[PDB]
file my_file.tsv (TSV, C-alpha atoms and all ligand atoms)
chain	number	residue	atom	x	y	z
X	3	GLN	CA	51.78	126.26	148.35
X	4	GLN	CA	51.42	129.18	145.96
X	5	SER	CA	52.83	129.39	142.49
X	6	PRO	CA	56.43	130.66	142.37
X	7	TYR	CA	55.32	132.79	139.40
X	8	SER	CA	52.64	134.86	141.15
X	9	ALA	CA	52.94	138.59	141.77
X	10	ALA	CA	52.62	137.91	145.51
X	11	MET	CA	55.60	135.58	145.54
X	12	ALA	CA	57.54	138.00	143.34
X	13	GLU	CA	56.87	140.80	145.82
X	14	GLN	CA	57.84	138.61	148.77
X	15	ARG	CA	61.07	137.48	147.14
X	16	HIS	CA	61.87	141.05	146.06
X	17	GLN	CA	61.43	142.51	149.57
X	18	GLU	CA	63.38	139.68	151.22
X	19	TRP	CA	66.19	140.11	148.70
X	20	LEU	CA	66.47	143.81	149.53
X	21	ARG	CA	66.70	142.94	153.22
X	22	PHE	CA	69.66	140.71	152.38
X	23	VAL	CA	71.25	143.49	150.31
X	24	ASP	CA	70.96	145.94	153.21
X	25	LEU	CA	72.29	143.46	155.78
X	26	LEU	CA	75.31	142.77	153.57
X	27	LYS	CA	75.91	146.52	153.14
X	28	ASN	CA	76.05	146.84	156.90
X	29	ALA	CA	78.35	143.80	157.15
X	30	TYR	CA	80.82	145.37	154.70
X	31	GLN	CA	80.75	148.55	156.80
X	32	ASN	CA	81.72	146.54	159.89
X	33	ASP	CA	84.20	144.22	158.13
X	34	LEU	CA	81.90	141.21	158.71
X	35	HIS	CA	81.09	140.57	155.04
X	36	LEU	CA	83.31	137.49	154.81
X	37	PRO	CA	81.68	135.63	157.75
X	38	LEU	CA	78.23	136.79	156.66
X	39	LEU	CA	78.78	135.44	153.19
X	40	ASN	CA	80.16	132.15	154.54
X	41	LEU	CA	76.92	131.89	156.56
X	42	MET	CA	74.59	132.83	153.69
X	43	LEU	CA	76.22	130.94	150.75
X	44	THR	CA	77.53	127.41	150.14
X	45	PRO	CA	81.01	126.63	148.82
X	46	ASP	CA	79.58	125.88	145.36
X	47	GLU	CA	77.79	129.24	145.30
X	48	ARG	CA	80.96	131.12	146.21
X	49	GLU	CA	82.79	129.11	143.53
X	50	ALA	CA	80.16	130.05	140.95
X	51	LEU	CA	80.36	133.75	141.81
X	52	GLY	CA	84.17	133.65	141.49
X	53	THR	CA	83.88	131.97	138.10
X	54	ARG	CA	81.23	134.46	136.93
X	55	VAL	CA	83.35	137.45	137.90
X	56	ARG	CA	86.32	136.12	135.93
X	57	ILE	CA	84.06	135.47	132.92
X	58	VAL	CA	82.82	139.08	133.13
X	59	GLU	CA	86.35	140.46	133.41
X	60	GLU	CA	87.76	138.46	130.52
X	61	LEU	CA	84.78	139.11	128.24
X	62	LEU	CA	85.04	142.85	128.82
X	63	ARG	CA	88.80	142.82	128.29
X	64	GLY	CA	88.34	141.07	124.95
X	65	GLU	CA	91.88	139.66	124.94
X	66	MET	CA	91.13	135.95	125.54
X	67	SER	CA	89.31	133.65	123.14
X	68	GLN	CA	86.34	131.60	124.36
X	69	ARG	CA	88.57	128.52	124.06
X	70	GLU	CA	91.26	130.12	126.21
X	71	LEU	CA	88.64	131.31	128.70
X	72	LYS	CA	87.11	127.82	128.95
X	73	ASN	CA	90.52	126.28	129.66
X	74	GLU	CA	91.69	128.92	132.14
X	75	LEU	CA	88.48	128.88	134.18
X	76	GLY	CA	87.29	125.31	133.66
X	77	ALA	CA	83.92	126.72	132.58
X	78	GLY	CA	82.10	125.41	129.54
X	79	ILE	CA	81.16	127.44	126.51
X	80	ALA	CA	77.49	127.52	127.52
X	81	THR	CA	78.43	129.25	130.80
X	82	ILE	CA	80.65	131.78	129.02
X	83	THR	CA	77.87	132.57	126.53
X	84	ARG	CA	75.40	132.97	129.40
X	85	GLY	CA	77.86	135.45	130.90
X	86	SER	CA	78.07	137.39	127.65
X	87	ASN	CA	74.26	137.50	127.44
X	88	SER	CA	74.10	138.58	131.07
X	89	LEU	CA	76.51	141.45	130.40
X	90	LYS	CA	74.48	142.57	127.40
X	91	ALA	CA	71.27	142.58	129.51
X	92	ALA	CA	72.89	144.72	132.19
X	93	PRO	CA	72.73	148.52	132.08
X	94	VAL	CA	75.41	150.37	130.12
X	95	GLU	CA	76.39	152.35	133.23
X	96	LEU	CA	77.35	149.11	134.96
X	97	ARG	CA	79.24	147.73	131.97
X	98	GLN	CA	81.20	150.94	131.59
X	99	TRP	CA	81.97	151.10	135.32
X	100	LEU	CA	83.33	147.54	135.15
X	101	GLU	CA	85.45	148.41	132.12
X	102	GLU	CA	86.83	151.47	133.89
X	103	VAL	CA	87.59	149.57	137.12
X	104	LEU	CA	89.52	146.99	135.10
X	105	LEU	CA	91.36	149.59	133.04
X	106	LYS	CA	92.64	151.36	136.13
X	107	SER	CA	93.65	148.10	137.85
X	108	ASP	CA	96.21	147.42	135.09
T	3	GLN	CA	89.22	118.38	133.78
T	4	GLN	CA	90.62	118.31	137.30
T	5	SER	CA	88.85	117.10	140.38
T	6	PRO	CA	86.67	119.76	142.04
T	7	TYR	CA	88.10	118.48	145.36
T	8	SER	CA	91.79	119.18	144.70
T	9	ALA	CA	93.80	121.79	146.59
T	10	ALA	CA	94.50	123.52	143.27
T	11	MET	CA	90.82	123.94	142.48
T	12	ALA	CA	90.16	125.03	146.07
T	13	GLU	CA	92.83	127.71	145.76
T	14	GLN	CA	91.49	128.86	142.40
T	15	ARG	CA	87.92	129.07	143.67
T	16	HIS	CA	89.06	130.82	146.85
T	17	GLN	CA	91.03	133.54	144.99
T	18	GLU	CA	88.25	134.09	142.44
T	19	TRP	CA	85.69	134.36	145.25
T	20	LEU	CA	87.74	137.08	146.95
T	21	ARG	CA	87.90	138.99	143.67
T	22	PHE	CA	84.10	138.92	143.60
T	23	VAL	CA	83.95	140.08	147.24
T	24	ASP	CA	86.21	143.05	146.48
T	25	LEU	CA	84.33	144.01	143.31
T	26	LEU	CA	81.04	143.98	145.23
T	27	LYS	CA	82.59	146.12	148.00
T	28	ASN	CA	83.51	148.69	145.38
T	29	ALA	CA	80.02	148.46	143.84
T	30	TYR	CA	78.39	149.22	147.20
T	31	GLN	CA	80.72	152.22	147.56
T	32	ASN	CA	79.50	153.56	144.19
T	33	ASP	CA	75.83	152.60	144.66
T	34	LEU	CA	76.09	150.00	141.86
T	35	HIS	CA	75.54	146.94	144.06
T	36	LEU	CA	71.99	146.35	142.84
T	37	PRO	CA	72.89	146.21	139.12
T	38	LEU	CA	76.04	144.23	139.88
T	39	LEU	CA	74.06	141.67	141.80
T	40	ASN	CA	71.41	141.47	139.06
T	41	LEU	CA	74.28	140.74	136.65
T	42	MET	CA	76.02	138.17	138.88
T	43	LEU	CA	73.00	136.25	140.31
T	44	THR	CA	69.83	134.67	138.90
T	45	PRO	CA	66.33	135.40	140.20
T	46	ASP	CA	66.27	132.06	142.03
T	47	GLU	CA	69.57	132.85	143.74
T	48	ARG	CA	68.32	136.24	144.91
T	49	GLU	CA	65.13	134.52	146.12
T	50	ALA	CA	67.18	131.97	148.06
T	51	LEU	CA	69.30	134.65	149.73
T	52	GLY	CA	66.15	136.55	150.76
T	53	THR	CA	64.67	133.38	152.23
T	54	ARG	CA	67.92	132.53	154.05
T	55	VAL	CA	68.14	135.98	155.63
T	56	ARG	CA	64.59	135.71	156.97
T	57	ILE	CA	65.35	132.23	158.34
T	58	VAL	CA	68.42	133.64	160.12
T	59	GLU	CA	66.46	136.57	161.54
T	60	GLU	CA	63.57	134.49	162.83
T	61	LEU	CA	65.78	131.77	164.27
T	62	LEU	CA	67.83	134.33	166.19
T	63	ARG	CA	64.71	136.11	167.42
T	64	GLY	CA	63.34	132.84	168.77
T	65	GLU	CA	59.73	134.06	168.70
T	66	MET	CA	58.35	131.96	165.81
T	67	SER	CA	57.96	128.19	165.80
T	68	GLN	CA	59.43	126.13	162.96
T	69	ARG	CA	55.85	125.51	161.79
T	70	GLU	CA	55.10	129.23	161.74
T	71	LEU	CA	58.41	129.94	160.01
T	72	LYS	CA	57.72	127.30	157.33
T	73	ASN	CA	54.29	128.82	156.62
T	74	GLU	CA	55.42	132.46	156.62
T	75	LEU	CA	58.40	131.87	154.33
T	76	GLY	CA	57.21	128.91	152.26
T	77	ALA	CA	60.44	127.12	153.19
T	78	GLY	CA	60.46	123.50	154.28
T	79	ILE	CA	61.68	122.23	157.61
T	80	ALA	CA	64.86	120.82	156.07
T	81	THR	CA	65.83	124.31	154.87
T	82	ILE	CA	65.10	125.88	158.26
T	83	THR	CA	67.19	123.21	160.01
T	84	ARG	CA	70.02	123.80	157.53
T	85	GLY	CA	69.81	127.47	158.47
T	86	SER	CA	70.01	126.66	162.17
T	87	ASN	CA	73.05	124.44	161.54
T	88	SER	CA	74.61	127.17	159.42
T	89	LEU	CA	74.16	129.70	162.23
T	90	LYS	CA	75.73	127.33	164.73
T	91	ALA	CA	78.76	126.82	162.43
T	92	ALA	CA	79.28	130.55	162.07
T	93	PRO	CA	81.53	132.50	164.45
T	94	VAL	CA	80.01	133.83	167.67
T	95	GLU	CA	81.05	137.38	166.75
T	96	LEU	CA	78.84	137.20	163.67
T	97	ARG	CA	75.89	135.66	165.51
T	98	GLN	CA	76.07	138.31	168.21
T	99	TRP	CA	76.38	141.12	165.65
T	100	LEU	CA	73.25	139.84	163.90
T	101	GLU	CA	71.38	139.65	167.20
T	102	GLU	CA	72.42	143.20	168.06
T	103	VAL	CA	71.45	144.56	164.61
T	104	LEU	CA	68.01	143.00	164.99
T	105	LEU	CA	67.57	144.21	168.55
T	106	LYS	CA	68.24	147.80	167.59
T	107	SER	CA	65.98	147.63	164.52
T	108	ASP	CA	62.94	147.01	166.75
W	1	LIG	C1	49.63	126.35	143.21
W	1	LIG	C2	50.52	126.17	141.98
W	1	LIG	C3	49.95	126.48	140.74
W	1	LIG	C4	50.87	126.65	139.68
W	1	LIG	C5	52.19	126.28	139.86
W	1	LIG	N1	53.33	126.27	138.94
W	1	LIG	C6	54.36	125.81	139.67
W	1	LIG	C7	53.91	125.58	140.82
W	1	LIG	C8	54.90	125.06	141.88
W	1	LIG	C9	54.91	123.53	141.99
W	1	LIG	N2	54.66	122.92	140.70
W	1	LIG	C10	53.83	123.08	142.96
W	1	LIG	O1	52.99	122.21	142.58
W	1	LIG	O2	53.77	123.56	144.12
W	1	LIG	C11	52.68	125.82	141.09
W	1	LIG	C12	51.83	125.73	142.14
W	2	LIG	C1	59.10	126.88	146.70
W	2	LIG	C2	59.24	127.40	145.27
W	2	LIG	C3	59.71	128.72	145.07
W	2	LIG	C4	60.66	128.89	144.04
W	2	LIG	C5	60.86	127.88	143.11
W	2	LIG	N1	61.71	127.75	141.91
W	2	LIG	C6	61.45	126.52	141.44
W	2	LIG	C7	60.60	126.02	142.23
W	2	LIG	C8	60.08	124.61	141.97
W	2	LIG	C9	58.74	124.67	141.23
W	2	LIG	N2	58.00	123.44	141.42
W	2	LIG	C10	59.02	124.88	139.74
W	2	LIG	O1	59.99	124.28	139.19
W	2	LIG	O2	58.29	125.65	139.06
W	2	LIG	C11	60.16	126.67	143.23
W	2	LIG	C12	59.28	126.48	144.24
W	3	LIG	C1	75.66	130.86	142.36
W	3	LIG	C2	74.57	130.88	143.43
W	3	LIG	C3	74.54	131.98	144.32
W	3	LIG	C4	73.74	131.86	145.48
W	3	LIG	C5	72.80	130.84	145.54
W	3	LIG	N1	71.72	130.54	146.48
W	3	LIG	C6	71.16	129.42	145.99
W	3	LIG	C7	71.81	129.14	144.95
W	3	LIG	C8	71.43	127.92	144.13
W	3	LIG	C9	70.48	127.06	144.95
W	3	LIG	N2	70.56	125.69	144.47
W	3	LIG	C10	69.06	127.61	144.81
W	3	LIG	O1	68.73	128.18	143.74
W	3	LIG	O2	68.24	127.51	145.76
W	3	LIG	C11	72.78	129.85	144.55
W	3	LIG	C12	73.66	129.85	143.53
W	4	LIG	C1	78.54	136.44	134.30
W	4	LIG	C2	77.57	135.25	134.37
W	4	LIG	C3	78.08	133.97	133.95
W	4	LIG	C4	77.20	132.87	134.03
W	4	LIG	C5	76.01	133.03	134.73
W	4	LIG	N1	74.99	132.06	135.06
W	4	LIG	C6	74.03	132.78	135.72
W	4	LIG	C7	74.42	134.00	135.74
W	4	LIG	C8	73.53	135.09	136.39
W	4	LIG	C9	72.67	135.91	135.40
W	4	LIG	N2	72.33	137.26	135.91
W	4	LIG	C10	71.38	135.17	135.07
W	4	LIG	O1	70.26	135.50	135.58
W	4	LIG	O2	71.46	134.23	134.22
W	4	LIG	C11	75.56	134.30	135.17
W	4	LIG	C12	76.34	135.39	135.02
W	5	LIG	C1	89.83	114.05	137.25
W	5	LIG	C2	88.74	113.70	138.26
W	5	LIG	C3	89.09	112.79	139.27
W	5	LIG	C4	88.22	112.76	140.38
W	5	LIG	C5	87.01	113.40	140.31
W	5	LIG	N1	85.89	113.48	141.25
W	5	LIG	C6	84.97	114.26	140.65
W	5	LIG	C7	85.46	114.58	139.54
W	5	LIG	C8	84.62	115.51	138.64
W	5	LIG	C9	83.77	114.74	137.62
W	5	LIG	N2	83.33	113.47	138.17
W	5	LIG	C10	84.59	114.47	136.36
W	5	LIG	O1	84.68	113.29	135.94
W	5	LIG	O2	85.17	115.42	135.77
W	5	LIG	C11	86.63	114.18	139.21
W	5	LIG	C12	87.49	114.30	138.17
W	6	LIG	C1	83.39	121.85	137.05
W	6	LIG	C2	83.25	121.33	138.48
W	6	LIG	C3	83.58	122.20	139.54
W	6	LIG	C4	82.69	122.20	140.65
W	6	LIG	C5	81.75	121.18	140.77
W	6	LIG	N1	80.74	120.86	141.79
W	6	LIG	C6	80.14	119.75	141.33
W	6	LIG	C7	80.72	119.47	140.24
W	6	LIG	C8	80.27	118.24	139.45
W	6	LIG	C9	81.20	117.07	139.75
W	6	LIG	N2	81.13	116.09	138.68
W	6	LIG	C10	80.76	116.42	141.07
W	6	LIG	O1	79.53	116.30	141.34
W	6	LIG	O2	81.63	116.02	141.89
W	6	LIG	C11	81.66	120.19	139.79
W	6	LIG	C12	82.46	120.22	138.70
W	7	LIG	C1	70.58	130.49	156.66
W	7	LIG	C2	70.70	129.33	155.66
W	7	LIG	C3	69.48	128.65	155.30
W	7	LIG	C4	69.58	127.60	154.37
W	7	LIG	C5	70.76	127.44	153.66
W	7	LIG	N1	71.10	126.54	152.59
W	7	LIG	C6	72.42	126.80	152.33
W	7	LIG	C7	72.80	127.70	153.14
W	7	LIG	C8	74.27	128.20	153.12
W	7	LIG	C9	75.19	127.55	154.18
W	7	LIG	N2	76.34	128.41	154.55
W	7	LIG	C10	75.72	126.21	153.69
W	7	LIG	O1	76.91	126.08	153.25
W	7	LIG	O2	74.94	125.22	153.78
W	7	LIG	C11	71.94	128.16	154.01
W	7	LIG	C12	71.90	129.11	154.97

call {"tool": "encode", "arguments": {"input": "my_file.tsv", "output": "structure tokens"}}
result
Amino acid sequence: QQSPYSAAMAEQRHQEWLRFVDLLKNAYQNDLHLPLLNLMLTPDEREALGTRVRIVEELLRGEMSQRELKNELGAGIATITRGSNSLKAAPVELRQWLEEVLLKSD
Amino acid sequence: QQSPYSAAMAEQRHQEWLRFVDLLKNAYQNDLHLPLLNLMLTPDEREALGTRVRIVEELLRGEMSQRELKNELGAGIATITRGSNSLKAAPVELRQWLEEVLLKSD
């Protein structure tokens, strides 16, 4: 098989990913997102995404310490730091939107 | 830490997952789904979801052989069979919706 690092494989994985994104958009529009995501993801993957969202929310809120976050979520420090790095790599427009969504939800 | 198999951890992972699902719904509504998903997933995870969607589409279409599907997607037979099993475990309403979405897209 080909290298996973080739441009060709990058293009293939990029186009297939966007097909998934569009199918999930349509599932949300028809209220089928939950069964689609149970089809397309494993339990561990859904668990990881739940953990990651809580890490994002608590890092942006700034109220909990890393120690408290580790205990509350059962996620190690390395995972929390990867989440902080991932936030910093994301566009400012997304980070600000997330902050605003959280602010209003209080 | 607690067992990953306890009811308590199942409930925690279930509630955190649903928080992710709702945040992603809101991202789609604001056209921020692509940056949110780049934040929340790795490249390999996006690659896997693209591969899985193509497996679903080609299994439902029934036109390609498993051999052809393996070659086209660079996914082994074990992954294709896991996809077939995953389809069969999913609700009929979802499987039929996917078939109908594909039919119309032709
Ligand atoms: C053709 C090729 C050349 C370079 C490569 N770097 C990684 C891989 C994937 C895996 N190691 C394999 O051997 O398939 C690979 C493949
Ligand atoms: C089929 C394919 C496509 C994506 C992949 N991500 C990691 C791998 C394994 C590879 N041997 C490596 O670790 O570089 C790999 C292979
Ligand atoms: C959190 C998450 C989200 C969705 C995912 N799809 C695949 C994976 C990991 C898997 N072992 C792979 O990379 O093929 C994964 C993980
Ligand atoms: C919030 C958070 C917490 C831990 C995480 N582990 C992997 C990811 C995905 C990230 N976009 C990446 O490619 O590493 C991630 C995100
Ligand atoms: C408390 C407890 C009891 C039963 C368990 N089955 C799996 C685990 C997780 C891991 N093996 C660990 O040792 O944390 C675990 C933990
Ligand atoms: C933190 C936590 C929560 C979810 C998990 N899925 C797998 C594991 C590893 C564990 N030792 C096992 O393989 O049963 C694990 C642990
Ligand atoms: C279409 C397809 C192809 C291969 C796959 N590997 C893992 C999954 C997710 C599935 N819901 C599960 O829990 O195994 C999956 C889905």

call {"tool": "interface_residues", "arguments": {"input": "my_file.tsv", "of": "chain T", "to": "chain X", "cutoff": "8 Å", "atoms": "all atoms listed in the file", "output": "ChimeraX atom specification"}}
result
/T:3,15-22,27,30,34,37-38,40-43,48-49,51-56,76,88-89,91-93,96

call {"tool": "atom_distance", "arguments": {"input": "my_file.tsv", "atom1": "atom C8 of ligand LIG 7 (chain W)", "atom2": "atom CA of residue 80 of chain T"}}
result
12.3 Å

call {"tool": "atom_distance", "arguments": {"input": "my_file.tsv", "atom1": "atom CA of residue 71 of chain X", "atom2": "atom CA of residue 101 of chain X"}}
result
17.7 Å

call {"tool": "atom_distance", "arguments": {"input": "my_file.tsv", "atom1": "atom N2 of ligand LIG 4 (chain W)", "atom2": "atom CA of residue 107 of chain X"}}
result
24.0 Å

call {"tool": "calpha_fit_and_write", "arguments": {"input": "my_file.tsv", "fixed": "chain X", "moving": "chain T", "output": "PDB file with C-alpha atoms, in the coordinates of the input"}}
result
ATOM      1  CA  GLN T   3      51.781 126.262 148.351  1.00  0.00           C
ATOM      2  CA  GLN T   4      51.418 129.176 145.957  1.00  0.00           C
ATOM      3  CA  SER T   5      52.829 129.400 142.487  1.00  0.00           C
ATOM      4  CA  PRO T   6      56.435 130.651 142.376  1.00  0.00           C
ATOM      5  CA  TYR T   7      55.320 132.793 139.397  1.00  0.00           C
ATOM      6  CA  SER T   8      52.638 134.860 141.152  1.00  0.00           C
ATOM      7  CA  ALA T   9      52.942 138.594 141.774  1.00  0.00           C
ATOM      8  CA  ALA T  10      52.621 137.905 145.506  1.00  0.00           C
ATOM      9  CA  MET T  11      55.603 135.570 145.538  1.00  0.00           C
ATOM     10  CA  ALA T  12      57.547 138.001 143.342  1.00  0.00           C
ATOM     11  CA  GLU T  13      56.873 140.797 145.820  1.00  0.00           C
ATOM     12  CA  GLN T  14      57.835 138.609 148.769  1.00  0.00           C
ATOM     13  CA  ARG T  15      61.072 137.486 147.138  1.00  0.00           C
ATOM     14  CA  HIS T  16      61.868 141.047 146.061  1.00  0.00           C
ATOM     15  CA  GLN T  17      61.426 142.517 149.580  1.00  0.00           C
ATOM     16  CA  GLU T  18      63.373 139.682 151.225  1.00  0.00           C
ATOM     17  CA  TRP T  19      66.187 140.109 148.691  1.00  0.00           C
ATOM     18  CA  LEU T  20      66.478 143.810 149.533  1.00  0.00           C
ATOM     19  CA  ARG T  21      66.697 142.938 153.224  1.00  0.00           C
ATOM     20  CA  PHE T  22      69.658 140.708 152.384  1.00  0.00           C
ATOM     21  CA  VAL T  23      71.248 143.497 150.307  1.00  0.00           C
ATOM     22  CA  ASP T  24      70.963 145.944 153.212  1.00  0.00           C
ATOM     23  CA  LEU T  25      72.289 143.463 155.780  1.00  0.00           C
ATOM     24  CA  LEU T  26      75.313 142.765 153.572  1.00  0.00           C
ATOM     25  CA  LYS T  27      75.913 146.521 153.136  1.00  0.00           C
ATOM     26  CA  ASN T  28      76.049 146.848 156.903  1.00  0.00           C
ATOM     27  CA  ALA T  29      78.345 143.802 157.146  1.00  0.00           C
ATOM     28  CA  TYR T  30      80.821 145.362 154.705  1.00  0.00           C
ATOM     29  CA  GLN T  31      80.748 148.553 156.796  1.00  0.00           C
ATOM     30  CA  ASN T  32      81.720 146.532 159.896  1.00  0.00           C
ATOM     31  CA  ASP T  33      84.195 144.217 158.130  1.00  0.00           C
ATOM     32  CA  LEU T  34      81.892 141.212 158.711  1.00  0.00           C
ATOM     33  CA  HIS T  35      81.091 140.567 155.044  1.00  0.00           C
ATOM     34  CA  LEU T  36      83.302 137.486 154.810  1.00  0.00           C
ATOM     35  CA  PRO T  37      81.676 135.634 157.741  1.00  0.00           C
ATOM     36  CA  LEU T  38      78.226 136.791 156.655  1.00  0.00           C
ATOM     37  CA  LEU T  39      78.780 135.440 153.187  1.00  0.00           C
ATOM     38  CA  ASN T  40      80.157 132.149 154.545  1.00  0.00           C
ATOM     39  CA  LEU T  41      76.927 131.890 156.563  1.00  0.00           C
ATOM     40  CA  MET T  42      74.591 132.828 153.687  1.00  0.00           C
ATOM     41  CA  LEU T  43      76.223 130.941 150.750  1.00  0.00           C
ATOM     42  CA  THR T  44      77.531 127.413 150.137  1.00  0.00           C
ATOM     43  CA  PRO T  45      81.013 126.634 148.818  1.00  0.00           C
ATOM     44  CA  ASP T  46      79.582 125.884 145.368  1.00  0.00           C
ATOM     45  CA  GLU T  47      77.792 129.235 145.298  1.00  0.00           C
ATOM     46  CA  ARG T  48      80.963 131.114 146.214  1.00  0.00           C
ATOM     47  CA  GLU T  49      82.793 129.106 143.528  1.00  0.00           C
ATOM     48  CA  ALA T  50      80.159 130.052 140.953  1.00  0.00           C
ATOM     49  CA  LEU T  51      80.365 133.752 141.809  1.00  0.00           C
ATOM     50  CA  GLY T  52      84.170 133.649 141.491  1.00  0.00           C
ATOM     51  CA  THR T  53      83.882 131.969 138.100  1.00  0.00           C
ATOM     52  CA  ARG T  54      81.229 134.456 136.929  1.00  0.00           C
ATOM     53  CA  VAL T  55      83.359 137.451 137.900  1.00  0.00           C
ATOM     54  CA  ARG T  56      86.324 136.118 135.925  1.00  0.00           C
ATOM     55  CA  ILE T  57      84.060 135.472 132.922  1.00  0.00           C
ATOM     56  CA  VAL T  58      82.819 139.077 133.128  1.00  0.00           C
ATOM     57  CA  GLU T  59      86.349 140.455 133.413  1.00  0.00           C
ATOM     58  CA  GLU T  60      87.756 138.467 130.513  1.00  0.00           C
ATOM     59  CA  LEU T  61      84.786 139.103 128.247  1.00  0.00           C
ATOM     60  CA  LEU T  62      85.036 142.851 128.825  1.00  0.00           C
ATOM     61  CA  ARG T  63      88.795 142.822 128.288  1.00  0.00           C
ATOM     62  CA  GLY T  64      88.336 141.075 124.952  1.00  0.00           C
ATOM     63  CA  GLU T  65      91.875 139.663 124.946  1.00  0.00           C
ATOM     64  CA  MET T  66      91.136 135.952 125.535  1.00  0.00           C
ATOM     65  CA  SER T  67      89.312 133.649 123.141  1.00  0.00           C
ATOM     66  CA  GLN T  68      86.345 131.602 124.354  1.00  0.00           C
ATOM     67  CA  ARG T  69      88.574 128.518 124.058  1.00  0.00           C
ATOM     68  CA  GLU T  70      91.262 130.112 126.212  1.00  0.00           C
ATOM     69  CA  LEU T  71      88.648 131.312 128.698  1.00  0.00           C
ATOM     70  CA  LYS T  72      87.103 127.823 128.951  1.00  0.00           C
ATOM     71  CA  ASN T  73      90.527 126.284 129.654  1.00  0.00           C
ATOM     72  CA  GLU T  74      91.688 128.928 132.142  1.00  0.00           C
ATOM     73  CA  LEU T  75      88.476 128.882 134.180  1.00  0.00           C
ATOM     74  CA  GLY T  76      87.283 125.308 133.663  1.00  0.00           C
ATOM     75  CA  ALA T  77      83.915 126.719 132.583  1.00  0.00           C
ATOM     76  CA  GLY T  78      82.097 125.406 129.540  1.00  0.00           C
ATOM     77  CA  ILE T  79      81.156 127.441 126.513  1.00  0.00           C
ATOM     78  CA  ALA T  80      77.489 127.517 127.525  1.00  0.00           C
ATOM     79  CA  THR T  81      78.424 129.251 130.793  1.00  0.00           C
ATOM     80  CA  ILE T  82      80.650 131.784 129.028  1.00  0.00           C
ATOM     81  CA  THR T  83      77.873 132.570 126.532  1.00  0.00           C
ATOM     82  CA  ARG T  84      75.405 132.973 129.404  1.00  0.00           C
ATOM     83  CA  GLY T  85      77.857 135.452 130.899  1.00  0.00           C
ATOM     84  CA  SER T  86      78.069 137.391 127.646  1.00  0.00           C
ATOM     85  CA  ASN T  87      74.259 137.500 127.441  1.00  0.00           C
ATOM     86  CA  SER T  88      74.090 138.584 131.071  1.00  0.00           C
ATOM     87  CA  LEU T  89      76.507 141.449 130.396  1.00  0.00           C
ATOM     88  CA  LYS T  90      74.480 142.566 127.401  1.00  0.00           C
ATOM     89  CA  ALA T  91      71.271 142.586 129.507  1.00  0.00           C
ATOM     90  CA  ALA T  92      72.887 144.713 132.186  1.00  0.00           C
ATOM     91  CA  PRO T  93      72.736 148.521 132.085  1.00  0.00           C
ATOM     92  CA  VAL T  94      75.416 150.371 130.124  1.00  0.00           C
ATOM     93  CA  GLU T  95      76.392 152.349 133.233  1.00  0.00           C
ATOM     94  CA  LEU T  96      77.355 149.109 134.959  1.00  0.00           C
ATOM     95  CA  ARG T  97      79.238 147.723 131.961  1.00  0.00           C
ATOM     96  CA  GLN T  98      81.198 150.942 131.584  1.00  0.00           C
ATOM     97  CA  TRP T  99      81.967 151.093 135.317  1.00  0.00           C
ATOM     98  CA  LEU T 100      83.336 147.544 135.155  1.00  0.00           C
ATOM     99  CA  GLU T 101      85.452 148.408 132.122  1.00  0.00           C
ATOM    100  CA  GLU T 102      86.826 151.479 133.883  1.00  0.00           C
ATOM    101  CA  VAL T 103      87.593 149.561 137.112  1.00  0.00           C
ATOM    102  CA  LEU T 104      89.527 146.990 135.097  1.00  0.00           C
ATOM    103  CA  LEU T 105      91.357 149.594 133.047  1.00  0.00           C
ATOM    104  CA  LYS T 106      92.640 151.360 136.128  1.00  0.00           C
ATOM    105  CA  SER T 107      93.651 148.104 137.841  1.00  0.00           C
ATOM    106  CA  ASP T 108      96.213 147.413 135.092  1.00  0.00           C
TER     107      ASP T 108
END

call {"tool": "closest_residue", "arguments": {"input": "my_file.tsv", "among": "T:61, T:10, T:66, T:79", "to": "ligand LIG 6 (chain W)", "atoms": "all atoms listed in the file"}}
result
T:10

call {"tool": "closest_residue", "arguments": {"input": "my_file.tsv", "among": "T:62, T:13, T:5, T:24", "to": "residue 82 of chain T", "atoms": "only C-alpha atoms"}}
result
T:62

call {"tool": "axis_aligned_box", "arguments": {"input": "my_file.tsv", "around": "ligand LIG 1 (chain W)", "padding_each_side": "6 Å", "output": "AutoDock Vina command-line options"}}
result
--center_x 52.3 --center_y 124.4 --center_z 141.5 --size_x 17.3 --size_y 16.4 --size_z 17.2
